[PDB]
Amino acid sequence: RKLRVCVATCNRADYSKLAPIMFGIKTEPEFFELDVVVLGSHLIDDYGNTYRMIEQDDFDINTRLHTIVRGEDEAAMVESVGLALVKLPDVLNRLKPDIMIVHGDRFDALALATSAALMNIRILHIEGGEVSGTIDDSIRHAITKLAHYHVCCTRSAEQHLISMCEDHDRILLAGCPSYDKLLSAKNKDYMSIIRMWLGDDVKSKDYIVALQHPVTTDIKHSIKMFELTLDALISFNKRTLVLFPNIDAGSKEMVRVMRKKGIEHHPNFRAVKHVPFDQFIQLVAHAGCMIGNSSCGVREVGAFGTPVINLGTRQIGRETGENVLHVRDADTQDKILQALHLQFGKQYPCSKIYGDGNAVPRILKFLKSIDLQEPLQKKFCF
């Protein structure tokens, strides 16, 4: 009897780490049935219609759900969780999954975990034990408590889950699946990918990738920091790919910052919503430096030794190699402009903290090991 697996994807931020697993599951039809659910940001033009990435990977999408309430603020974030919760249960009764794969720390993943847990559907939670110093910590660890099975990416994440009283029998230390793609990365014509996304006259290691997200707890500070960050980038004046923000609450106010600085119509800048993951890896792997507060900066790019400037409070407490320079109180242009001079064009050693490149096969085994006779979470309090 095949294991019926449902994977729900809501944003490129999970799709980069779930697609490898989906590919793994699909390559073994003898042990697994796969149903894919697309919801959230994927269906939204502002976010780059990233459901197309799923279509271009040739996955049959069973179900599409509009689950985002418009407003781009905290109220809307909450209403979005509620919208997924009214819409999902009937889809889950139809699909009748044995287990559901949930990734990460976003509001959307809490909806998925909640709906599965309350309907007695097993949950495999990916990227569980980590620390990022925002509201996301809260969400991540609340999902951990709902989830029946856990897949973490580091030893320190494993120990955190065990410290949080999770059953060690239900934890698998696999590595991040993104590393399956990073450490298997086809450097094709990487120059023609640099030329596509940054411009014709750009040379390897001579450009910046800028990706900064609002922190929902302090939008007014997120605005001010982003202004100063752009001012620095303008002064530093080397070719810069600016990704639009990808946390919803505060997002339009951050986009307005870019608009009023003329970033959208500037020779030095390229404003984009989403770069396909395989192309994005090549971009960050050959970047002069990366700046902002993406998880990519602190978790992924270490693999290529790309210099990183991590700004603000998001990612405080994450494990990072020598390549990452933190500037918490990025409260002036000078501080940020300095960090750019220090880091731009350096080369660090290649780290492997968040993965060994064989996460997926370990995960597939862990899924086959699951015997279908209980379920109820056990909480090791002593």
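Numbering starts at 1 and runs along the sequence shown.
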Which wins on mean Cα temperature factor, 60 to 68 or 336 to 344? 336 to 344
Pick between 248 to 256 and 188 to 196: the one whose mean CA B-factor in the entry is higher. 188 to 196
Looking at the C-alpha B-factor values in the deposited entry, which of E30, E55, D35, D46 comes out highest? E30
Based on the deposited C-alpha B factors for this chain, I'd like to know if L372 is in the lowest, middle or highest third. highest
Chain thirds of CA B-factor: placement of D73: lowest
Using only modelled residues of the chain, where does the Cα B factor of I139 rank: lowest third, middle third or highest third? lowest
Rank-wise, by C-alpha B-factor, drop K273 into the lowest, middle or highest third of its chain. lowest
How does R314 rank on Cα B-factor within its chain, lowest, middle or highest third? middle
